[PDB]
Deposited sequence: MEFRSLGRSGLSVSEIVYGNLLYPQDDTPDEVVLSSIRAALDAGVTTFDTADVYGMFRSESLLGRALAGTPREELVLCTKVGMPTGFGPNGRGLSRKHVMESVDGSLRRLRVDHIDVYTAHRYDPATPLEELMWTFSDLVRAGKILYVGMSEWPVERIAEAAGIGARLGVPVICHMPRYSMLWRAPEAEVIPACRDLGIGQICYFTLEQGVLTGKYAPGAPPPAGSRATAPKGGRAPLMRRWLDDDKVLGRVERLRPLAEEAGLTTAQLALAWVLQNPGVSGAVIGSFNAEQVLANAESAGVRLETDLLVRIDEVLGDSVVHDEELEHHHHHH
């Protein structure tokens, strides 16, 4: 496995991150997939309180039990509805304080490495949120703070308050892929200046960028993109890669990216996808990828 700094911090994450979003997958298949990720040298695990409604955190806690704590980077989330009523969601001191001990118990740990504000909450002043994170860092319950689906101006505001209060703000989680490049415009450049690295989701666009679908619904209902993806296969085999490994390597060519999240409940896919870590793609190949995909790419 290869490792990157998560923003300007002493924290190293694996370049491939395992995410266990949940649903009718048996527990036993979730557990053996996490085990496959460990066997592939994945250190860094992404989850959320809301995922399978607490089931995702509980299964990760069980699967990683026994792994020395220093070998794991545990990332989880707060912000999505996990209780009833208007205080059972969002980023208030109340919801965050009433969320963190549940996540620690289910993950079976003393501290969360990265704790991500899951969606910006316009009702919570960022002074309220960041002082709550300060209290949790002082208490040793979280080490580092992240954000997902935040306006760039709010990321900047949070990073500034964090620096003043000694709360490390080091992580942003965008949607990012060969097809979805919205974050290249403003998010990644801003994050890089602020000392924040990306941990990227939908990197395989839910299987569309594995080349598996011949002529999610957004691209599946388009035979043009599916045909253009099939034409990356020669480019991939040229580099001794699967289309999946090429799509994952492509994300990791961005120097603003710390890690690429993979989902999969197939042991063989996890091991194969993990081998994307460390792969340099030639300038020539990156120009030929943009040509093949053309106007199917979202900016």
The record leaves without C-alpha coordinates the deposited-sequence stretches 23 to 25, 219 to 238, 323 to 333
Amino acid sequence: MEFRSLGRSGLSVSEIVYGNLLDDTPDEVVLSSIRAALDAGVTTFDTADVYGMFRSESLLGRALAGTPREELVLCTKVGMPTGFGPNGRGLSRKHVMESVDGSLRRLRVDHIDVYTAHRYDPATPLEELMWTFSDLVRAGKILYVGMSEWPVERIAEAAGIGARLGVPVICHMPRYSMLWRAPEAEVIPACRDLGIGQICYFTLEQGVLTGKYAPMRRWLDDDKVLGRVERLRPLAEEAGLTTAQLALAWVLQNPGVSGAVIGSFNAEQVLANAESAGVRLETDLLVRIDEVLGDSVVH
From here on, numbers count along this sequence of modelled residues.
Avg C-alpha B-factor, entry values, 161 to 169 vs 216 to 224, higher side is 216 to 224
Going by the entry, of stretches 62 to 70 and 227 to 235 the one with greater average Cα B-factor is 227 to 235
Among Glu128, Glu186, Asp113, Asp101, the highest C-alpha B-factor in the PDB entry belongs to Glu186
Entry-reported C-alpha B-factor of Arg154 relative to its chain, by third, is middle
Sorting the chain's modelled residues by C-alpha B-factor and splitting them into thirds places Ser33 in the middle
Tertile call for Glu268 (CA temperature factor, within chain, third-based) is the highest
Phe84: CA temperature factor from the record, placed by chain third, in the middle
Here the Cα B-factor of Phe133, set against its chain, lands in the third termed lowest
